[PDB]
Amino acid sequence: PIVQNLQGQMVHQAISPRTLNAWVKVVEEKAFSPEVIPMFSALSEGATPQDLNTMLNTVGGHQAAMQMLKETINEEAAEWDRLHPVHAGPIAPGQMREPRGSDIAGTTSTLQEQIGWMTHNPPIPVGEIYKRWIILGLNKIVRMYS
């Protein structure tokens, strides 16, 4: 997540492998009972898209479910692109490209671009937007399994 250091300074902080273990566990104890969703929200506060993927990439097996989730992410990334057409022309000094769906999902964006969008004024909250897509996929899995 994005966090602060002891001198008051904005720093990205890698995901606590303790939050990670709690999560993975949850998904393996509860399979995909309704309680995984609040858990995921609880555990992913302030997450960058990179952190979110680290979370998902750790889920051991549950291949079919993870695939449902990926399909949902992909559909949402395509919708985002459809609703946010790119303006023509070269990116101006001290600005970033407007994120594409795949940027939001972490696949074509760096940590540092993620942080730039998130901490910009006004921000594009790429971690919150990706988190919403993931929770929709989680909802789909929970509807299937319980």
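So that there is no doubt, residue numbering starts at 1 and follows the sequence shown.
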Going by the average Cα B-factor in the PDB entry, point out whether 104-112 or 66-74 comes out higher. 104-112
Of 46-54 and 93-101, the one with larger mean CA B-factor: 93-101
Of the residues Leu83, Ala88, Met39, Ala31, the one carrying the largest Cα B-factor as recorded: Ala31
Ranking every modelled residue in this chain by its Cα temperature factor as given in the entry, which third contains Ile15? highest
Could you place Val126 in the lowest, middle or highest third of its chain by Cα temperature factor, using the values in the record? lowest
